[PDB]
């Protein structure tokens, strides 16, 4: 595979939450510390950003409403109306605060399931690795604007994906250094039967699982924070490492398939230099990467239905 730095995009403190909108051929993503949203149109080499004053962790187009996006603002799920180019949104409409009385929590990774339901989890703002406060939970937001809790005791609420047949959900609590698998009931939106799918310890994989996505063959692609890589793992059989793609940035954060043929893998990373790093500062930059020649296709980003 070929890994290219996207020079036009610069460096991000914690680049995160990549989302590919296939209809407009546009990549959206966030910087979860700098309180900014980002838009990249590769075919036209257009880049824009948008500033808010709360911590953000995802940005997903709202189904049926061009120019509107479902985003996180600390603990609030909100709709931002944004023209895609001005440095500030036009308007902000709060939907729900998922944890109004837990003042030191924030939302982290979030994604729509294939039915358009937003799933997202929380974490302590001062969550730590390998050890720190464990205060997070996993939620989904129904079309009735009520949240349901699905999992608790989450340290660092991170990557989500669903199997192509809607029978499984994959989930990452970075603190656990593993990818979990759940049975997923699409009709009731309930998850059960949590079991480890892939355990980093067992495969001498360094670092922490962060974001993830799934390809058309049902394989998971997992971003490895402080591992300088993405890994390809099987969902058909537990504990099978299929492939490793090295990324120059050590703090790989997340992944999304994109491009006209959905066969380009966009990779975000973090330039934020941490205390206990296994990598010298000069290596930690926070670029965005494009990976091609993986030989698989993924799926377009799902919009949130409300």
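Throughout, rigid core stands for the largest set of C-alpha atoms superposing within 1.5 Å between the two forms. Residue numbers count along the first chain shown, from 1.
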Rigid core superposed, root mean square over structures and residues, which stretch has C-alphas farther from this form in 8 other deposited structures of this protein, 229-237 or 139-147? 139-147
Hey, which bit's got the bigger mean C-alpha B factor in the entry, 116-124 or 189-197? 189-197
Test of understanding: from the entry's C-alpha B-factors, which stretch has the higher mean, 236-244 or 49-57? 236-244
Between 297, 19, 290, 287, which one tops the list for Cα B-factor in this entry? 297
For the CA B factor values reported in this entry, which option in 159, 136, 130, 84 has the top one? 130
Assigned third (lowest, middle, highest) for the C-alpha B factor of residue 270: lowest
For residue 261, the third of its chain by CA B-factor is the highest
Could you tell me which third, lowest, middle or highest, the C-alpha B-factor of residue 210 occupies within its chain? lowest
Divide the modelled residues of the chain into thirds by Cα B-factor and specify which third, lowest, middle or highest, holds residue 109. lowest
Would the CA B-factor of residue 13 place it in the lowest, middle or highest third of its chain? lowest
